[PDB]
Number of protein chains: 4
Amino acid sequence: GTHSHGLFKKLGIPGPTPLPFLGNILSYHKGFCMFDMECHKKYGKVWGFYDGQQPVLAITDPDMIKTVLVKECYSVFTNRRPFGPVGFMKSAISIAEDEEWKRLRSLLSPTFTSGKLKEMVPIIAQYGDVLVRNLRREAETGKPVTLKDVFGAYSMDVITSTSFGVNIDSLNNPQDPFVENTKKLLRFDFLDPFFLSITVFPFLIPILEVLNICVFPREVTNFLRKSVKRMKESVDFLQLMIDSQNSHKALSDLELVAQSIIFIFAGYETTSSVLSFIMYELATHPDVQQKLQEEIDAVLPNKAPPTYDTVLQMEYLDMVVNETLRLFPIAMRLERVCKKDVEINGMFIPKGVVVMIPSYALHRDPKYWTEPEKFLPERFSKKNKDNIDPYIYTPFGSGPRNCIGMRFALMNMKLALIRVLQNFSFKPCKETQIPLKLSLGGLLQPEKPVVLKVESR
Amino acid sequence: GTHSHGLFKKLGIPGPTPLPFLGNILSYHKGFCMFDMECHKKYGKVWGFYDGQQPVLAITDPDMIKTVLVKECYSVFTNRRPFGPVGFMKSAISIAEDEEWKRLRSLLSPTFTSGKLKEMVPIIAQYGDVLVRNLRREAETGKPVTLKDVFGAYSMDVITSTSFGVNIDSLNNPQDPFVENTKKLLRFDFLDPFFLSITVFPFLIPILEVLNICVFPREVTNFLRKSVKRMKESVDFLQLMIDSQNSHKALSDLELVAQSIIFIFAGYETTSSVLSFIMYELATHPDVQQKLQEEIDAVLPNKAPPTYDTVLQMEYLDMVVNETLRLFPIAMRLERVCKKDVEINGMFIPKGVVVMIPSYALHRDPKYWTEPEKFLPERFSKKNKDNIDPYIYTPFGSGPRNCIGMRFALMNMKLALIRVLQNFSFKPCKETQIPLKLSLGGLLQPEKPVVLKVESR
Amino acid sequence: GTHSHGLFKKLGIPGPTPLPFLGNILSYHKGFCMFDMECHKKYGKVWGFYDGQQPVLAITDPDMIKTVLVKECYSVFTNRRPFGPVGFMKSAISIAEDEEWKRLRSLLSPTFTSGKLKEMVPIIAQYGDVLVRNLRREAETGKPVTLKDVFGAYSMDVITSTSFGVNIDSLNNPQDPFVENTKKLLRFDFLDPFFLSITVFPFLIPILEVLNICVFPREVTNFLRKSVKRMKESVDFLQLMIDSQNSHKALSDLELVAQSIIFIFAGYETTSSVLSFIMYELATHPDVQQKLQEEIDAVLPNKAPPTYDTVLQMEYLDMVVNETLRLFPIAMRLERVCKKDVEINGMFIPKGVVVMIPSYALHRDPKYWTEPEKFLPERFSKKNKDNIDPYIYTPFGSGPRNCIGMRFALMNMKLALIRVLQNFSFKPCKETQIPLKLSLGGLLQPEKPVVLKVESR
Amino acid sequence: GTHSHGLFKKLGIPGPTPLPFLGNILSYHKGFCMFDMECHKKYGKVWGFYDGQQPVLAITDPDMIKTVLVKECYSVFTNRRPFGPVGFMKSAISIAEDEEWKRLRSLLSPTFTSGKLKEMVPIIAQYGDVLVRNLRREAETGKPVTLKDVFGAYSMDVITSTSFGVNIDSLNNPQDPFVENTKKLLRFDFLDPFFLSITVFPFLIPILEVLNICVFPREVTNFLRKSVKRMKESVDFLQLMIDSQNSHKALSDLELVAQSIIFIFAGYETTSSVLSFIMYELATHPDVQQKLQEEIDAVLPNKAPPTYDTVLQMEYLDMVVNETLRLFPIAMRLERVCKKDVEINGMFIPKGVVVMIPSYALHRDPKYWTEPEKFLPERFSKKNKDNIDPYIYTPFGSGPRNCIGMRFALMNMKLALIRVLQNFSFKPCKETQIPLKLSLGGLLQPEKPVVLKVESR
Ligand code: HEM
Ligand code: HEM
Ligand code: HEM
Ligand code: HEM
Ligand SMILES: C/C(=C/COc1c2ccoc2cc2oc(=O)ccc12)CC[C@H](O)C(C)(C)O
């Protein structure tokens, strides 16, 4: 039961010692984030562990991180860890591999350009107003608001109308067929019962794929696949893709449905979780919240509606976002499969190892960050935005295979915050978890949901 | 690839010849019902086929059927075909085996007595009124009603309030947390992609059970399991069970949740489908519908509300129900695992064969029924209700392991029909499928749903 | 990954704490024997552990052992742990279950009677002479003999000629087709790579059975199955079985081949291993060897050939055999599946637990045996053969399902020893492992094989 | 159950229609060879079928064959069909993939050069004499010789002494530890029970690999792996490899054991089967046998021993060998996995299709061969050795990935024949199967083994 459990002692790379079959997964009982810090402390800058029989080589040196993520990306480190069972979602850009991915990353890049984004801002802006009106209704009546629902509803109101042209007040219309399905599109908990069973028996993935079982539910996907058929057959992501097949080989039909779904998956709980973390930090730091409220009113006098250009104007906002993402990189880790034998920056890495960059832990490394547990938006000021190594702070990853939706994600979250801070202020409650505790699960998210008092300005 | 594909040629039992691995499942392309008639025609009164490597021995002789279902039930033919993956639903009475089942069938029988049923009629009767008001709203406005929704909603309005004490206008409140889950509780299509893959690779069931995959969704069950915890901790099925553990070993906690779930599963789409089939036949036979409307008004003058006793009074109603069930035994087949070697009525049956009684086909046998394709409620008159062999007409099966919910099912459906016929009459539409065609799937149900015109009296 | 890992803490039974998926198997790294002593020491007289997800309840009280092995044998504890993949060897008496086993234990019992055995002694006796002549050839030339080969060859020379009528000097004819196959029939190492993988993924057994993979090699079995066809079609086990189908249902054809194979498996390495252990103890205790040589010459003056009756006459011989089996019960454990819920001697045992009696450890319990590490044949004298509890000393198990081949095994080993001690004396070598160390594997057998000097008398 | 069973109807490529799960394997009941001719007849020059869910695209045009085997070999068609479970034999040159294979094909090519072969001829020649003396012993006594044993023994006598330096008269020493193992190294019957079960459930391969089950037996490999350790640590293949790691990365240790094993596998039953087929054809064509006997005596007057150079001198010999290989290409098919999307000679081939060249059938195509059922060595005369398309006659395949052992195989077989024809003549028997019938199994080999009369000259 120990296939390749000698690999790291052989190469002389240090690490914790594995059990048979389980490898090191018993050590995930405190989450990846906590597991990654301990190993950074113990074994220094490079170590290895086993997810089952799967060797994983952690790296924390920025020259070496760059070679993985940037330089040898097309040659050696092109794909993320095999992830299954996936069905037709094998065509989604984030699961596809090698040349199929390159084709798709090309076919979809001109959809995430600044120009196309600047054209999407009016759509996104309209569900800001929906959010505020869904918030004043919460704030008028004395009652502690649970952010995850009001924000979770907002990330939906945008995902839909930006990648299908569908305009829903999902909070107020929780039953439009569309709203049920797409809310079943949550990020995957890789320490939940199933995915841990996949790591111990990845020989079961082919079995599951054959049994037509999918991690992307077999019923959600069936609804959207035809719903797009009704859309196609009659300034958003779906349209910009339909264009990119009125010309690599143009995006097929099913290939298009796959991207739209993977966009929801990659965008829904990511955005919602970060918006929450930001409001938690503004609430538990009233000075920061006021300084930002003041910067918002300056650029936008008279509760003016935010634009693409006035969003890019506001620097304290940028610093708050970026500092929140430093504390809470909701990906936790970046990973690439090493598909040859290589020697990068003087270390031999055998074929088939998963190379892993422990973001969460590097973002909270005392060796690159002073007082790294503190919400301190000033590390990202124009004065200090220079002593920050872009291969240590990677909330969206780096390289050709980084977050294709980064500018969208950051513009989306910034408009929300702008309109919400314009109108309301956020004070803690007694029930607000202080200090916040992170779920020991496989998702970077708060143990207990964030609830705060909302008052109107 | 042919383990035991010689068994039936060895014993001298005739049948169609199997492919390797698939056995005879390619022959299910016209549904079990159509497959069963052909084999009855061809090979006579006893034949054998293979579901994968699983031999199944069909029988159509009533002395022999009785031995299986009645006599040697506890000794030889106690359990239905192994059905998985099931998780904790292995404790449901209909999936449990041998002594566990006997314990449960005992612990739950005094819940389906006439006395307890007669006490449940007022509850059931109240969602009759909900049904009619949900129907007049359909009938006031000129528009063809699709029965499956108005009736499907009714079977829900009763399942809930009779096995949990929860009172929902599920049609008008399609969002009460309770209504979403319990509507995901549909009968299993055993010719759908998954269950056919189970028949070819039943060696995959243990794998699925270990991966914590369930045929009873892992999320529906999680909602109900605690929802009962809130119910327990503060004249219906749930209460009568809570009593039966204030005393075999009293029903455990989880064992109770299992029964309530299996009741929904066994009762929801069964009832809805039969109510539809009955309305289809009343609509396409206006003479029968009028004769029954007339019998209803007699017993219940002035749109009087039906009672337990006036339901049992109405004989034409009984004949319509029973004749509909003859045409549409929504189970199609009865099955028992042969758990020893035996010789019943002079035939050797080896251990491990699935013995199967082809209800649908026997109900439409020209050899026991004249003009067996015709809706003819008079075969069930007190004059002819005698020339009917109870081992040929088995819409609820026979023996210790027949439908524990039979009197409930028949009383439930009869109250619906009574109140609906009192107030409305049902005429076809142009879009009404005539003749009705049965879905070639694994469920006895109409290809196209039943839509009819509803007019008010 | 912890299905039923709470069962023993729930019932209040103590034990070591399990890892997920692995249960306690990491604790088998010192063999079952050493694992069983520690648990006897620690948790007292009853404890529980997990082979994967499989709970196993150890018991060491003789009233309770008797209920399991003797009283409730037909009712509750009929079968040994499911053992697979087995193919047609599911018909072997030792793997078959419930009524199939009862049928076979009946059909084969009159083959292991004293009368039939007494008729087999001349056959067995002839390969005594073959053994001695294969030994004098070893002893004439100065060279340390490795017992396992000379004895292993003898157990073969008897297995063949007693269950097929085939007369081979397997040592001198190591190529007769028959000799190759039947030497591939070794007892199963349940801590070897494969069987440990079965305990962690017993959901893989059905898969293996379907892939036609067998633990009883698919080629050895193919040779014997037809070799018996040539035998049948033209005073030993094969003949006595062919008779028992010239009359429960008479033994089928394949059922007969299965028993003959399972006899080889159960008899080959068992006998060889015990004969070795006995010679080791005679060699490292020269007083015992001389006292037995002297008893042999008395009963059999002049190197007389042993008979059935003079074998039963020799009591010191009996004591040496029985005391060797106390130190080395080559089964180590006895096991029965608990197939209902029960309460035996005031302990609840849930359905599906494997109940296990730790022979090796009880035989070396200081609480029933003084100086239990010492070879002391006198504990079995007619004076002390009474203070010995037959449910503590179970080298062949007890009850209806004990070793059907016991009298044969004991008569077989005794004739070997008699003829070998008549002619030779056995002195250690420098290379003789002293003290003997037991293999930490899954078989009770010496780490290093036994080599001793043989000199002629 | 029909993943990608539409691919060939979609692309417009014709073929037989598949069953679910089985694809077309029911059509293998007459062997690949017979299946391939029918499809060549029916669908013309390009067709498609399914091995399970695995699409296979047959091609029979020589420009297109060349692109697959020669041109786009490194780019598109580098590997043979995934074949498992393989364990460490994944390092054998013939199973390894992509760059690992290129490394190995380089590291091992200078071992199959003419120069190295010419140095191996004296070794090979010595077991010619062993063969003849093992043959005169057969021919002196009047008795029909079964070629497969005398020749099978010869191919062993050479495999050993050319790839390990071990000199065995395996016929006369059938027990040297070495001889038992290496005779268990037979070519794989891909229509036997197991491998057909692999084609239907290739999702079971990962399971088997994890269970440590190997198609290259787990015991044969264990013997050789250490036997080489004794060899290494103290003019043949093993030595030439030990050199090639006294310098791509030099051949590792285990990588060397793997090649030696794969050499036995690729060389043992191949050579034996072809030598038989040649003797069958010489015996059933006495004119050819005499004309070759006469050519042998010319070049080698006085039963002179054959040399490397006099072997290359004899042209009728070449024609007999080459014409036998035309009738019996013991590979039957060549295959390459299509690892991108491509268009070769104007046909689109999707990623993941197995491209297959049906050698056996092309060699017996009436469209490239007149009277293609006839043993006619003259088609290979220097006059006609030109009208023969090297992509139609491919008994060793073509391209960078053709038979690395071709010159060895052809020199080996030619020396055997030379020395055997020098001394003996071969006449049929009454028991000689005439006409020869090919086994309908998955190996190209005679149904009934070849037996002929051997007389001495
Ligand atoms: C706060 C919000 C978000 C965060 C923190 C985030 C973060 C990330 C990270 C860390 C990765 C892995 C990159 C790598 O491997 O280096 C990733 C990949 C990706 N994200 Fe985002 N993301 C967010 C929102 C979005 C949105 C709105 C989209 C909309 C299209 C999106 C689409 C994707 C895609 C398609 C990939 C995979 C791209 C590829 O594999 O080529 N994400 N994201
Ligand atoms: C028209 C409505 C229904 C029909 C036609 C129907 C029919 C059947 C049939 C044919 C069986 C198999 C019996 C056998 O194997 O002989 C069965 C079993 C069963 N039904 Fe019904 N049923 C209906 C409604 C219900 C309802 C309302 C319940 C509510 C509790 C219920 C609970 C069960 C249970 C628990 C079993 C299995 C009992 C056991 O295995 O011991 N069914 N039903
Ligand atoms: C020193 C030699 C032997 C020893 C120590 C030995 C010991 C054992 C033990 C401990 C068991 C388990 C009994 C139980 O579960 O209580 C057993 C079962 C069995 N043994 Fe022996 N045995 C020996 C030789 C033989 C021989 C020569 C045969 C020849 C037929 C044989 C045939 C069997 C069979 C068939 C069973 C299973 C019976 C059943 O399951 O009903 N054994 N043996
Ligand atoms: C009559 C005897 C033989 C015949 C007919 C034969 C035929 C073949 C064929 C058809 C192939 C597939 C080539 C392709 O895919 O194009 C092959 C591959 C191969 N053969 Fe032979 N062979 C014979 C003897 C040998 C011998 C003696 C060796 C000794 C080393 C050998 C080693 C190999 C190897 C290693 C491969 C795979 C090479 C690679 O995949 O790169 N074969 N053979
Ligand atoms: C190496 C990884 C990177 C995560 O890349 C994403 C992220 C990260 C946050 O949200 C995302 C949405 C995405 O959507 C997509 O389609 C594709 C990628 C994606 C896996 C992260 C695992 O959880 C853990 C903690 C076990 O390593």
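Below, chain A is the first sequence line, B the second, and so on; all start at residue 1.
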Revision key, fill the gap. Tightest non-hydrogen contact, residues B:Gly31 and B:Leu191, listed as CA-CD1, 3.9 Å
Exercise for review: Could you tell me whether the side chain of B:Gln445 and the main chain of B:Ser439 form a donor-acceptor pair under 3.5 Å?
Suggested key: no
**Study point:** Expected output: side-chain B:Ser273 to main-chain B:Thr270 donor-acceptor under 3.5 Å
**Key:** no
Practice item. Heavy atoms only: give me the nearest B:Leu11-B:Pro350 pair and the separation to one decimal. Key: CD1-CG, 3.7 Å
Check your understanding: Does the pair B:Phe194 and B:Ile198 meet the rule for a side-chain contact (heavy atoms from CB on, under 4.5 Å), with working shown?
Key -> CA-CA 6 Å; B:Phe194 175 88; B:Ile198 267 357; 3.8 Å; yes
**Study point:** Pairing residues for B:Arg187 by the side-chain hydrogen bond (donor to acceptor under 3.5 Å, both in side chains) criterion, not counting sequence neighbours
**Key:** none
**Study point:** NZ or CZ of C:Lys249 within 45° of B:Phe348 ring axis and under 6.0 Å
**Key:** yes
Practice item. List in chain and number order the residues that pass side-chain contact (heavy atoms from CB on, under 4.5 Å) with B:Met319, two or more places apart in sequence or in another chain; answer none if no residue qualifies. Key: B:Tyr316, B:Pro377, B:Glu378, B:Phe380, B:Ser381
Practice item. Check whether any side-chain N or O of B:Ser398 sits under 3.5 Å from a backbone N or O of B:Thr394 as a donor-acceptor pair, and report yes or no. Key: no
Review point. For residues B:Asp61 and B:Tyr391, is any side-chain donor paired with an opposing acceptor at under 3.5 Å?
Key: no
**Study point:** NZ/NE/NH1/NH2 to OD/OE distance under 4.0 Å, B:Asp309 and B:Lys118
**Key:** no
Point to revise | B:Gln289 side chain to B:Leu282 backbone, donor-acceptor under 3.5 Å | key: yes
Exercise for review: Using a cut-off of 6.0 Å, state whether more than 12 heavy atoms not belonging to B:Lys367 lie near its atom NZ.
Suggested key: yes
**Study point:** Stepwise side chain to side chain donor-acceptor pair (under 3.5 Å) test for B:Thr67 and B:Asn345
**Key:** CA-CA 8 Å; B:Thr67 314; B:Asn345 296 89; 2.8 Å; yes
Practice item. Look at the side chain of B:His29 and the backbone N and O of B:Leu26, then say whether any donor-acceptor pair between them is shorter than 3.5 Å. Key: yes
Point to revise | Nearest atoms (heavy-atom pairs only) where B:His3 meets C:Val210 | key: NE2-O, 4.0 Å
Check your understanding: Around atom CD of B:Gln54, are there more than 12 heavy atoms of other residues, nucleotides or ligands at under 6.0 Å?
Key -> yes
Which atom pairs, donor and acceptor, lie under 3.5 Å between side-chain atoms of residues 12-25 of chain B and protein residues at least two apart or in another chain?
residue : atom : partner : partner atom : Å
B:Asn24 : OD1  : B:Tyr50 : N            : 2.9
B:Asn24 : ND2  : B:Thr17 : O            : 3.4

Check your understanding: CE of B:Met347: more than 12 outside heavy atoms within 6.0 angstrom?
Key -> yes
Point to revise | Non-hydrogen atoms of B:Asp365 and B:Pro372 that approach each other most closely | key: O-CB, 4.2 Å
Check your understanding: For the atom pair CD (B:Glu335) and CE (B:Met356), what is the distance rounded to the nearest 0.5 Å?
Key -> 6.5 Å
Exercise for review: Sequence neighbours left out, what passes side-chain contact (heavy atoms from CB on, under 4.5 Å) with B:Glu100? Give chain and number order.
Suggested key: B:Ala96, C:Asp341, C:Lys351
Check your understanding: Is a side-chain donor or acceptor of B:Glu281 paired with a backbone partner of B:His285 at a separation under 3.5 angstrom?
Key -> no
**Study point:** Residue list, salt bridge (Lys or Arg N to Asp or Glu O under 4.0 Å) with B:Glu323, at least two apart or on another chain
**Key:** B:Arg326, B:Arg379
Review point. Centres of the B:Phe49 and B:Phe35 rings: under 6.0 Å?
Key: yes
**Study point:** For C:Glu255, all residues meeting salt bridge (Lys or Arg N to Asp or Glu O under 4.0 Å), sequence neighbours excluded
**Key:** C:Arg103
Would you give me the side-chain donor-acceptor pairs under 3.5 Å for residues 110-117 of chain B, sequence neighbours excluded?
residue  : atom : partner  : partner atom : Å
B:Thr111 : OG1  : B:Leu108 : O            : 3.2
B:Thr113 : OG1  : B:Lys116 : N            : 3.1
B:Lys116 : NZ   : B:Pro110 : O            : 2.6

Review point. Sub-3.5 Å donor-acceptor pair from the side chain of B:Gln259 to the main-chain atoms of B:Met241, do we have one?
Key: no
**Study point:** Over 12 foreign heavy atoms within 6.0 Å of NZ, B:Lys42
**Key:** yes
Review point. Quick one: do the B:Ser272 and B:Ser155 side chains pair a donor with an acceptor below 3.5 Å?
Key: no
Exercise for review: Not counting sequence neighbours, which residues clear salt bridge (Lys or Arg N to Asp or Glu O under 4.0 Å) with B:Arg364? List them please.
Suggested key: B:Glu373
Exercise for review: Among residues two or more places apart or on two chains, list those pairs meeting ring pair (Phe, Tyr, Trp, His ring centres under 6.0 Å) that have a residue in residues 62-106 of chain B.
Suggested key: B:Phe83-B:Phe188, B:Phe83-B:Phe190
Review point. Between B:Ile93 and B:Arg401, which heavy-atom pair has the shortest distance, and what is it?
Key: O-NH2, 2.9 Å
Exercise for review: Dump the intermediate steps for side-chain contact (heavy atoms from CB on, under 4.5 Å) on B:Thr60 and B:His40, then the final yes or no.
Suggested key: CA-CA 8 Å; B:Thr60 75; B:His40 199 13; 3.5 Å; yes
Review point. Under the 3.5 angstrom rule, does the side chain of B:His363 hit a backbone N or O of B:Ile392 as a donor-acceptor pair?
Key: yes
Check your understanding: For B:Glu99, what residues pass the salt bridge (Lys or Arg N to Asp or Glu O under 4.0 Å) criterion, not counting sequence neighbours?
Key -> B:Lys102
Practice item. Could you tell me whether the side chain of B:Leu438 reaches within less than 4.5 Å of the side chain of B:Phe328, counting heavy atoms only? Key: yes
Practice item. Using side-chain hydrogen bond (donor to acceptor under 3.5 Å, both in side chains) as the criterion, list what pairs up with B:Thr78, not counting sequence neighbours. Key: B:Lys339
Practice item. For B:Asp318 and B:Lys414, run salt bridge (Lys or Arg N to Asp or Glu O under 4.0 Å): C-alpha distance rounded to whole Å, both residues' side-chain angles, the deciding distance at 0.1 Å, then the answer. Key: CA-CA 8 Å; B:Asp318 189 75; B:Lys414 278 183 183 165; 3.0 Å; yes
Revision key, fill the gap. dist C:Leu256:CG -> C:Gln245:CD (nearest 0.5 Å) comes out at 5.0 Å
Practice item. Using atom types as modelled and distance alone, determine if a side-chain donor or acceptor of B:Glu209 lies under 3.5 Å from a backbone N or O of B:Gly87. Key: yes
Check your understanding: Is there a donor-acceptor pair under 3.5 Å between the side chain of B:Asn79 and the backbone N or O of B:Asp98?
Key -> yes
Check your understanding: In chain order, what residues pass the side-chain contact (heavy atoms from CB on, under 4.5 Å) check against B:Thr162, with sequence neighbours excluded?
Key -> B:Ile123, B:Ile124, B:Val158, B:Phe237, B:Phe408
Study note, to complete from the structure: Between C:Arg225 and C:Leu254 the two heavy atoms that sit nearest each other are NE-CD1, 3.4 Å
**Study point:** Ring center gap for B:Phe265 and B:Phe216 short of 6.0 angstrom
**Key:** yes
Practice item. Please test B:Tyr308 against B:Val311 for side-chain contact (heavy atoms from CB on, under 4.5 Å), starting from the C-alpha separation and ending with a verdict. Key: CA-CA 5 Å; B:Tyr308 180 80; B:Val311 163; 5.9 Å; no
